[PDB]
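Novice: Experimental structure and its sequence below.
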Amino acid sequence: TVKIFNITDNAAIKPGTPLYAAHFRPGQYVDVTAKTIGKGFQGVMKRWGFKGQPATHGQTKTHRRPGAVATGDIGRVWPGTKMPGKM
Amino acid sequence: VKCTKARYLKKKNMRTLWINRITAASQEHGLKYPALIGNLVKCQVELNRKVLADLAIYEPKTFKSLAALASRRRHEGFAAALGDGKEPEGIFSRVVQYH
Amino acid sequence: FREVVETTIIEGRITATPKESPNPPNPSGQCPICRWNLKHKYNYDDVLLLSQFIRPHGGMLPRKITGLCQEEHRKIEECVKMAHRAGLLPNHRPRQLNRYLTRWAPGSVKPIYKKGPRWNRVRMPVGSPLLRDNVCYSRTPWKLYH
Amino acid sequence: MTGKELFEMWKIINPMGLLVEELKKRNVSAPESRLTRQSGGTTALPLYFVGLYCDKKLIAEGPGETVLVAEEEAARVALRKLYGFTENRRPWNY
Amino acid sequence: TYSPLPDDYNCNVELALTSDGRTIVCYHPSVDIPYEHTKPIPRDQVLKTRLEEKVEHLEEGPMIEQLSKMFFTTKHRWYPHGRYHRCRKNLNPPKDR
Amino acid sequence: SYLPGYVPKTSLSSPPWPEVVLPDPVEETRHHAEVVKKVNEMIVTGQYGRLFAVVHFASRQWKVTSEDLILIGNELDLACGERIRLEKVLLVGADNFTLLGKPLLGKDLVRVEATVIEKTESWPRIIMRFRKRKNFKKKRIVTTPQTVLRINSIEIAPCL
Amino acid sequence: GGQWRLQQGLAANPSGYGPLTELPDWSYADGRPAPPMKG
Amino acid sequence: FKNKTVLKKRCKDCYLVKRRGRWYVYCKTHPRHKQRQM
Amino acid sequence: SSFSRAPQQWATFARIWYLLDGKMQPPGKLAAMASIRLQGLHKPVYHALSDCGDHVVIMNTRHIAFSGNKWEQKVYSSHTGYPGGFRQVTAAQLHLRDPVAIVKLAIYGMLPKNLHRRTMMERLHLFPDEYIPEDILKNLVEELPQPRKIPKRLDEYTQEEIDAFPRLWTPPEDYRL
Ligand SMILES: [Mg+2]
Ligand SMILES: [Mg+2]
Ligand SMILES: [Mg+2]
Ligand SMILES: [Mg+2]
Ligand SMILES: [Zn+2]
Ligand SMILES: [Zn+2]
């Protein structure tokens, strides 16, 4: 992996140079970016933490489904609506 | 049914195209389309918009002559309006009469 | 004119002034503008006239001293505000967005977030209703609202 | 032969050569090419109006997409003017 | 000293009226560009000068963006068309003058 | 000494357009005479080629030249290949000069000569009327007669 | 320019009773006048 | 301040000032008289 | 013209690079004339199907001027379609963020609402300040005249005209001013 770090002009280091752990020091603060663990296609319960539907009390095939996705007047679904997908 | 109404629409659109091209050439000579048309009529040249566009495209010097004539007629009209008296009518403002 | 000097000693002194240009074209006029034939022939650009009528620091001069009739005074006042906002008076300053024909003070107008329907459209004022009656020199009157 | 161009009927290779030969044989200074008009130049669709002058007197003008082809077209225009087989010439009398 | 239009871009227009006043005569000789107004025409030791024939193959995207930059258009003109339109095109169009 | 009516120069004390003074009639008339004489001697000498004309014909205005073709939307009571003179010339021109009628040029001044070369019919034209939900539908096919005229010559004569 | 033509007395439509519309459109090349037009 | 359509002076110390494009009645001795045109 | 057919066609249908200056000009008038040029309505051979547009290079777009209070009245509205994408920025804020956006939007609004609009906008070129790329400067022809006339501030007046304008009134000798 190659990553691009934004530096000021006084921080330029010659290309080809080795970087080690001691570039940081104890008692410091950093930010760490990485690809999170992929979960594949996931439903709203895992992807967005919806409450779902109750198990018993007559429910037909719905325990883990999104409820209404939009309102009646909107003849469409808003962009950015929380729907199942890759997580 | 459209081949029948498109006849009318074709006539109208061709006239609009002529007007647009005439306006383009007139503005090229610094004149405006209403001024050009009205003053040509006043000068008693009855060229229609089709041939005016044809001259603007294919006969640029003749079109510049026409624009000059219309501009002169407009200036003569301004002069007569400001004079408001009984000064000589103007060389190109003269009307040839028929009986 | 007259100046006051402070040094404690405060004193008043008279300085040289301009007088009236020799021969007005209309001596019978009752107001400087009426006397020079300018009733409807000056705009916010005519900073020469406006400067003749303003204070050194951008303020207006009172009617009882300028000799102007209310109508002309108010038109001068409006033209002066418009010229100040346009920046045509760089030296009559107190104590970046290019504007002109600015009627209202820039810091006191709210944006038109909701333009109305095209039959009750909220328009944007331009120019001045006081200068509405200026000479047109055109076949279309001034558009005071955009 | 009604409605065709001289160099559409009679093909030639070097109009500049023919033109300088004609000018030399009728005792005229050799033409100088100059850039009368120019539009674009850095783009892929330029327009160059190159004029041929003789003794600082314009004898011809020609358009093109490149300076060289515009100059060649100006040479052809000059040839047409000199030989009289021009577009606005007096049409044939039948 | 009066000219209806500026007299320096297309032709030297001179308007006239005949004596009877029935017709207008326009004299318009062309205006020629001054020579002064023109501009002059712009202007491995051991081996062959091998001809520099490189043609990098650009994939469709960057290719189309290069063409669009070159000709100041959008990408839609450059994207292709289907067999229906390709066959509907007239390959022997009428040609006047 | 300011005249009684002097306005100081403001942005709108004077009209924005430039002041224009027209030529005096006498000198201008002699100028017109000189110009007309020059054009006339051009015509006499023959310093022109490839005239063009704007001609009124069949309620239309046509910009024609010699060796031309025009298509008139009616029959013309003329046999094929017949020479006629087009007469209502609104305009005639050439390089460096053009003549303008008011509104028509004198027949002593210019002749248009044309030739009837074809008498034909147009391609069939469709007139279909339709109104929906009212069972309204009509179809008609027409073929307007047509005449193809070749403009042979445009001639001018010294008469200005 | 209908109003101006009216002010000069030349109809309003340039296709009205003027020489432009009333003179014969054509004539034979030898000079024989054409038969009158239907309009 | 109180929103009003018709502004009225309730004191002899009340004064009308036009600020920010709206009229105001300011009173320094009776601040209950502060009025804002709406 | 006695040109050959192909060069004649090329000359007739060639594109022209016009130059236009901002610098105290109304964005609307700039947009009107630029849109005319971009559509090619200034050419007498114009037709919507003839692709006869011209390049327009507008400069000093950072220094345009709005009449009236338009800087604070005029509101540009957009919507990122996510619920709540409705944003409205005054002309001042939009100008501060992007110095060419106002002129670009005006020309875009004035252009005809068909599929040629984006091609015309592609031929349009905008630059906020005096700097112009060298290739464009080498392409330019015909700086068009500015619509407005730049009313010439008081300190820019010369002494000749200052004294040629009459003084209108006689001040009292005893006024402090
Ligand atoms: Mg549960
Ligand atoms: Mg069930
Ligand atoms: Mg279950
Ligand atoms: Mg109509
Ligand atoms: Zn007064
Ligand atoms: Zn109070």
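Specialist: Arrived safely, thanks for sending. Residues are numbered from 1 along each chain as shown, chains lettered A, B, ... in the order given. Ligands and ions are numbered 1, 2, ... in the order given.
Novice: hey, let's count contacts and neighbours off CA atoms from now on
Specialist: Will do.
Novice: the strands in the chain, which residues?
Specialist: Using chain A here. A:41-42, A:85-86 (DSSP state E).
Novice: right idea, wrong chain: chain I
Specialist: Under DSSP E, chain I gives strands at I:17-21, I:55-59, I:65-67, I:75-79, I:86-90, I:124-126.
Novice: For the fifth one, output the C-alpha coordinates as PDB.
Specialist: Same thing as strand I:86-90. Taking Å, rounded to 0.1, in the frame of the first residue of the first chain, the C-alpha atoms of strand I:86-90 are listed here in PDB:
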ATOM      1  CA  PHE I  86     -31.900  22.600  -0.200                       C
ATOM      2  CA  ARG I  87     -29.200  25.300  -0.100                       C
ATOM      3  CA  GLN I  88     -29.700  29.000  -0.800                       C
ATOM      4  CA  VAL I  89     -26.700  31.400  -1.000                       C
ATOM      5  CA  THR I  90     -26.900  35.100  -1.600                       C
END
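Novice: out of everything not next to it in sequence, what's closest to the residue of chain D found nearest ligand 5?
Specialist: In chain D, the residue that lies nearest ligand 5 is residue D:39 (57.8 Å; Cα to the ion). Leaving aside its sequence neighbours, residue D:39 sits nearest to residue D:47 (Cα to Cα, 6 or more residues apart in numbering or on different chains; 5.0 Å).
Novice: Please look at that neighbour and residue I:14 and confirm they touch.
Specialist: Yes: with contact defined as Cα atoms under 8 Å, residue D:47 and residue I:14 form a contacting pair (6.5 Å).
Novice: which of the two has more neighbours?
Specialist: residue D:47 (26 against 19; other Cα atoms under 10 Å in any protein chain shown).
Novice: Closest residue of chain D to chain G?
Specialist: residue D:94 (14.9 Å; Cα to the nearest Cα).
Novice: Helix, strand, or coil at that residue?
Specialist: coil (DSSP: H, G, I helix; E, B strand; the rest coil).
Novice: Show me what the longest helix along chain B is packed against.
Specialist: Ordering each helix of chain B by length in residues (DSSP state H) puts helix B:2-28 first. Under the contact definition 3 or more Cα pairs under 8 Å, 6 or more residues apart in numbering or on different chains; DSSP states H and E, helix B:2-28 sits against helix B:33-43, helix B:49-58, strand F:125-131.
Novice: Of all the ones you listed, which one comes closest to chain C?
Specialist: helix B:33-43 (13.4 Å).
Novice: is stretch C:51-62 anywhere near chain I?
Specialist: Yes: remark: stretch C:51-62 sits within contact range of chain I at C:52, C:55, C:56, by Cα under 8 Å from any Cα of the partner chain.
Novice: re the thing from before, I figured the residue of chain D closest to ligand 5 was touching residue I:140, is that so?
Specialist: Yes: here residue D:39 reaches residue I:140: they are 7.1 Å apart, a contact under Cα under 8 Å.
Novice: Which residue ranges of chain F form strands?
Specialist: Counting by DSSP E, the strands of chain F are F:52-57, F:60-65, F:68-72, F:82-86, F:89-94, F:96-101, F:110-121, F:125-131, F:136-142, F:145-156.
Novice: Any part of the first one near chain I?
Specialist: No: using Cα under 8 Å from any Cα, strand F:52-57 stays clear of chain I, coming no nearer than 15.3 Å.
Novice: Pairing partners for that strand, with directions?
Specialist: strand F:60-65 (antiparallel), strand F:89-94 (antiparallel) (DSSP bridges).
Novice: which one of the ones you listed lies closest to residue I:94?
Specialist: Closest to residue I:94 of the strands paired with strand F:52-57 is strand F:60-65 (Cα to Cα; 53.5 Å).
Novice: roughly how far out does that closest one sit from the chain middle?
Specialist: The chain centroid and the centroid of strand F:60-65 are separated by 6 Å, computed with Cα atoms, centre = their mean, to the nearest Å.
Novice: which parts of that strand are buried?
Specialist: By 16 or more other Cα atoms under 10 Å in any protein chain shown, the buried positions in strand F:60-65 come out as F:61, F:62, F:63, F:64, F:65.
Novice: ditto for stretch E:60-74
Specialist: Buried residues in stretch E:60-74 (16+ other Cα under 10 Å): E:64, E:65, E:67, E:68, E:72, E:73, E:74.
Novice: For that stretch, C-alpha coordinates in CSV please.
Specialist: The C-alpha trace of stretch E:60-74 is given here as CSV (Å, rounded to 0.1, in the frame of the first residue of the first chain):
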residue,chain,number,x,y,z
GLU,E,60,-12.3,4.7,-24.5
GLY,E,61,-12.7,7.0,-21.5
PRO,E,62,-9.4,9.0,-21.6
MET,E,63,-9.6,8.9,-25.4
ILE,E,64,-13.0,10.6,-25.4
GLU,E,65,-11.9,13.2,-22.9
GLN,E,66,-8.9,14.0,-25.0
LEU,E,67,-11.1,14.4,-28.1
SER,E,68,-13.5,16.5,-26.2
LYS,E,69,-10.8,18.8,-24.9
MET,E,70,-9.3,19.1,-28.3
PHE,E,71,-12.6,20.0,-30.0
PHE,E,72,-14.4,21.8,-27.1
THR,E,73,-17.3,19.4,-27.1
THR,E,74,-18.9,16.9,-24.7
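Novice: Do a quick rundown of the strands in chain G.
Specialist: Going by DSSP E, chain G shows strands at G:26-28.
Novice: longest helix of it?
Specialist: Longest helix in chain G, counting by DSSP H: helix G:2-7.
Novice: hmm, who's touching that helix?
Specialist: B:42, G:11, G:12, G:13 (Cα atoms under 8 Å, 6 or more residues apart in numbering or on different chains).
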